[PDB]
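K.L.:
Could you work out the structure for the sequence below:
(one chain, ligands or ions: 4)
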Amino acid sequence: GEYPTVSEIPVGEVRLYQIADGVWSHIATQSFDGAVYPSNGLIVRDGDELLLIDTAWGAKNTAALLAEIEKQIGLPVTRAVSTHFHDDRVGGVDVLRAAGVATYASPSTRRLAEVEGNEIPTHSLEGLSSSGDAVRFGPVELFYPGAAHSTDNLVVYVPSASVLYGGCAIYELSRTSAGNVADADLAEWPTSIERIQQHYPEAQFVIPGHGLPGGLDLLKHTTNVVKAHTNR
Ligand SMILES: CCc1c(C(=O)O)c(S(N)(=O)=O)c(CC)n1C
Ligand SMILES: [Zn+2]
Ligand SMILES: [Zn+2]
Ligand SMILES: [Zn+2]
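P.N.:
Residues are numbered from 1 along each chain as shown. Ligands and ions are numbered 1, 2, ... in the order given. Sharing the structure here:
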């Protein structure tokens, strides 16, 4: 097992995993509701700077993330994008802001984070409010596939590396029942996944919000799990 598993990462530690040239995932863990879960984000080299996708789920993990990036990569994180309003995506935004990172999210994500009492990224990403909308953000494309895991969920594509960061709209294969669906749109989630398939059919690596990467098979896997949950 080369990809770090929830079992191998102690409290408040962060692993990096090089997926491709100038693309890493970051992996952290927290206790939640009596179980330990892993959580993924992304790091994309942006010349001699780094673009961060998502916090490492809380302030302590996010401080450890910045220290791991300095140790293993040693280039400054200048911008971060949060892919939805939940604490595994925005928890630690204030740590990033204090370290001089420009934090970004859609106005949808910023609105929902403020309602929830979660940390609010400073900068707004325009042009992502309609299903199927894509915008460039330096070395990535940001895509709003429609409501799925959350109404605001974004996916991130790294064209140089054919890496699709699905975030929490995409489940790892080992997840065969629904995760947190309190904020989900079950009715639209499969339609939103099909938009991802149609936009990024060339993707070679697919990174879920939680757990092990795979290929585009994770999209069909997630549709299967969401449909089974719908039919509960
Ligand atoms: C069950 C895995 C999970 C999810 C999920 O299904 O994505 C989230 S989230 N992004 O807040 O919904 C969390 C954080 C509490 N956890 C532990
Ligand atoms: Zn979430
Ligand atoms: Zn700024
Ligand atoms: Zn999540």
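K.L.:
what sits against residue 168?
P.N.:
Contacts for residue 168 (C-beta atoms under 8 Å, 6 or more residues apart in numbering) come out as 83-84, 86, 88-89, 149-150, 153, 179-180, 208-210. All C-beta spots, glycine's among them, are computed from the backbone N, C-alpha and C.
K.L.:
near ligand 1 too, which of these?
P.N.:
Filtering the contacts of residue 168 for proximity to ligand 1 by C-beta under 6 Å from any ligand atom leaves 86, 88, 149, 179, 180, 209, 210.
K.L.:
quick one: which of those is nearest residue 199?
P.N.:
Residue 199 has its nearest neighbour among these in residue 149, at 17.0 Å by C-beta to C-beta.
K.L.:
in what helix or strand does the closest one lie?
P.N.:
Under the criterion of DSSP states H and E, residue 149 resides outside all helices and strands.
K.L.:
Check the gap between it and residue 167 for me.
P.N.:
Distance of residue 149 to residue 167, given as C-beta to C-beta, to the nearest Å: 7 Å.
K.L.:
just the ones next to ligand 1 among the contacts of residue 168 now: which is nearest ligand 1?
P.N.:
Nearest to ligand 1 among the ones next to ligand 1 among the contacts of residue 168: residue 179, at 2.4 Å, using C-beta to the nearest ligand atom.
K.L.:
tell me the secondary structure for the closest one?
P.N.:
coil (DSSP: H, G, I helix; E, B strand; the rest coil).
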